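First comes the structure, then the notes that go with it.
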Amino acid sequence: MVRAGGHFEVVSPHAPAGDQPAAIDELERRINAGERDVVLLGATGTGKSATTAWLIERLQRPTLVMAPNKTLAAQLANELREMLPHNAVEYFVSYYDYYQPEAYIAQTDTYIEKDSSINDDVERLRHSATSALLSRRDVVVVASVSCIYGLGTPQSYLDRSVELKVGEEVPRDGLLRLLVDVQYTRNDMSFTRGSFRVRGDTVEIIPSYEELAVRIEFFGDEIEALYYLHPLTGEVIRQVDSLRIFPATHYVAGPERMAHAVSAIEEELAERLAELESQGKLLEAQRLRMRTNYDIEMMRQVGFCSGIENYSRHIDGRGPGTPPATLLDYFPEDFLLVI
DNA sequence: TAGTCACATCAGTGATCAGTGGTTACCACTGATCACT
Numbered sequence: 001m002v003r004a005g006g007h008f009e010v011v012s013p014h015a016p017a018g019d020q021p022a023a024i025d026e027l028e029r030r031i032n033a034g035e036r037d038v039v040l041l042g043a044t045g046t047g048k049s050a051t052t053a054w055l056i057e058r059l060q061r062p063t064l065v066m067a068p069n070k071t072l073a074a075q076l077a078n079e080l081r082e083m084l085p086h087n088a089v090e091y092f093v094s095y096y097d098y099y100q101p102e103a104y105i106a107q108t109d110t111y112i113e114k115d116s117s118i119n120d121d122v123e124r125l126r127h128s129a130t131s132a133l134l135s136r137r138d139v140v141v142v143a144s145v146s147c148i149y150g151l152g153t154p155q156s157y158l159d160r161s162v163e164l165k166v167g168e169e170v171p172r173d174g175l176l177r178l179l180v181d182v183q184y185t186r187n188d189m190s191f192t193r194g195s196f197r198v199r200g201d202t203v204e205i206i207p208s209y210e211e212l213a214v215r216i217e218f219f220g221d222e223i224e225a226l227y228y229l230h231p232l233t234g235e236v237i238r239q240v241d242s243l244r245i246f247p248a249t250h251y252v253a254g255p256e257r258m259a260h261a262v263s264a265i266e267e268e269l270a271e272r273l274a275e276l277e278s279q280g281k282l283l284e285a286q287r288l289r290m291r292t293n294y295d296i297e298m299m300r301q302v303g304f305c306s307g308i309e310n311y312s313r314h315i316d317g318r319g320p321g322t323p324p325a326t327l328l329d330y331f332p333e334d335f336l337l338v339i
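For what it's worth, the entry's author numbering labels the leading residue of the first sequence as 1, then goes sequentially.
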């Protein structure tokens with residue numbers, strides 16, 4: 001919802017020539033009338049990312065572009081960063097340099113556990129998408145099919161976290177409660193991702209969306225100053241005053257959202273227990289109950305775990321069969337989609 | 001048949017730090033025989 005007015009400016013010398021100007025002009029004339037299905041044909045060696053950038057800059061909408069693999073989306077995002085440097089261009093689905101599914105091969109009867117290799121810049125781009133989508137309008141996000149996978153609702157991502165502005169009377173206890181309510185950990189000697197350095201008047205944080213460090217220095221029970229500093233060295237960058245912080249997860253949830261998630265988890269657990277009792281799957285129901293028992297208590301303690309997406313609906317408050325809350329909800333009703 | 005799912009816990013796997021654990025006499029007096037009257 002919150003989207004600062006951004007203008008897409010392209011400095012690349014490449015411009016439409018010959019068939020390209022007429023093609024893009026007709027594309028715009030025939031897109032302005034509201035038809036929901038739009039088919040473009042286009043070969044290689046012509047700058048498809050360039051055409052997407054031209055459409056983006058002459059449409060001025062938050063854009064979600066769609067790619068079916070890595071060796072396309074990665075360089076597409078790099079290009080749209082090149083011709084849109086001021087605007088935020090990032091890669092969302094990503095999350096790995098390599099991955100192994102937590103899947104079940106039925107033919108071999110093999111349950112393979114989840115394995116991840118999270119690149120810091122890759123998850124930086126992902127969380128930059130999920131955050132700047134709710135902080136600015138000039139956002140271009142590239143994603144694979146997992147963009148239609150259910151994350152948390154953008155409403156909670158934008159209003160159930162906290163905003164800090166200089167010279168406000170917010171106690172340290174409330175700050176720590178909100179930090180542990182926005183999925184952050186407790187680490188002092190080193191500075192890792194999503195942990196708070198708490199030393200007297202100094203509270204240093206590393207957002208998931210900005211890999212750098214944010215330091216707030218207190219004066220009593222009222223914050224005195226706020227700055228952007230390097231994580232491990234504390235290098236001064238600039239002077240900032242207002243920061244609407246976002247949690248280290250896309251499944252943001254305040255206390256009442258924990259209540260809603262717990263109630264939904266309980267009701268669907270009862271439904272699934274009844275279904276498995278009717279199906280005669282005693283061992284399966286037991287395994288699910290042990291997994292959910294480990295996956296209920298520590299959400300109301302801190303929240304962050306592996307497999308939180310499997311309960312994402314319970315966080316969102318939606319119903320079965322309804323479209324899951326995805327990156328589309330983060331976009332407004334006037335967003336642009338590219339395939 | 002392959003690029004999709006979160007910033008997690010394992011269970012040791014298996015060197016180093018650090019509690020403990022033990023270990024190593026100049027004089028001086030009486031002794032005293034043959035030193036003395």
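Quick reminder that beta carbons are idealized off the backbone N, C-alpha and C, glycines included.
- Cβ-Cβ distances below 6 Å link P62 to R137, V139, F331, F335 in the same chain, with the five nearest sequence neighbours on each side left out; the list follows chain order.
- Nearest neighbour of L269 by Cα position, chosen from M258, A253, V252, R291, turns out to be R291.
- Per DSSP, the continuous alpha helix (DSSP H) segment holding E79 begins and ends at 70-83.
- Using a C-beta cut-off of 8 Å, the segment 178-192 makes contact with the segment 301-311, since at least three inter-stretch Cβ pairs fall below that distance.
- About 6 Å separates the CB atoms of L84 and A53; that is less than 8 Å, so the two are in contact.
- For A50, the closest C-alpha among the options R29, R318, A15, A225 is that of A15.
- Counted as a single uninterrupted DSSP element, the alpha helix (DSSP H) harbouring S128 occupies residues 120-132.
- Only residues of its own chain outside the window of five on either side were considered, and among them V203, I223, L226 have a CB closer than 6 Å to the CB of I216, listed in chain order.
- DSSP places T202 within a strand segment (E or B) once states are collapsed to three.
- The beta carbon of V10 is closer than 8 Å to those of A53, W54, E57, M83, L84 in its chain, skipping five residues each way along the sequence.
- In the structure shown, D221 falls within a coil segment according to DSSP collapsed to helix, strand and coil.
- Across the structure, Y111 and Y311 are spaced so that their CA atoms are roughly 20 Å apart.
- Your pair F92 and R126 checks out as a contact, with CB atoms roughly 5 Å apart and the cut at 8 Å.
- Note on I315: 16 or more other CB atoms within 10 angstroms of its CB, so buried under the neighbour-count rule.
- In this structure, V65 sits away from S94, with a CB-CB distance that is not shorter than 7 Å.
- Non-local C-beta neighbours of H86 in its own chain, meaning closer than 7 Å and more than five positions away in sequence, comprise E9, ordered along the chain.
- Beyond the five residues adjoining it in sequence on each side, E309 comes within less than 8 Å, by CB distance, of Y149, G150, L151, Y251 in the same chain, given in chain order.
- Per the C-alpha coordinates, the member of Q75, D115, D97 positioned closest to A103 is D115.
- Residue range 236-239 is occupied by the beta strand (DSSP E) that includes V236.
- Ranked by Cα distance from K48, the options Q60, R29, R30, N78 are led by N78.
- Minimum Cα-Cα distance from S306 among the listed residues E113, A129, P13, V89 corresponds to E113.
- When the five nearest sequence neighbours on each side are left out, the beta carbons in the same chain lying within less than 6 Å of the beta carbon of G317 are those of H260, in order along the chain.
- Remark: C-beta atoms of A88 and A132 approach each other more closely than 7 Å.
- Taken through DSSP and simplified to helix, strand or coil, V38 comes out as coil.
- Look at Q183 here: in three-state DSSP terms it is coil, with no helix or strand label.
- Here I206 has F191, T192, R193, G194, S195, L212, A213, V214, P231 as same chain residues with Cβ atoms under 8 Å from its own Cβ, once five neighbours each way along the sequence are excluded.
- Taking C-alpha positions only, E235 is separated from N69 by approximately 37 Å.
- C-alpha of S135 to C-alpha of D295: approximately 31 Å in a straight line.
- Of the residues assessed, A67 falls on the buried side of the cut-off, its CB having 16 or more other CB atoms within 10 angstroms.
- Assignment of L27 by DSSP, reduced to helix, strand and coil, places it in the helix class.
- When the alpha-carbon of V338 is set against those of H7, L40, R30, the nearest one is in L40.
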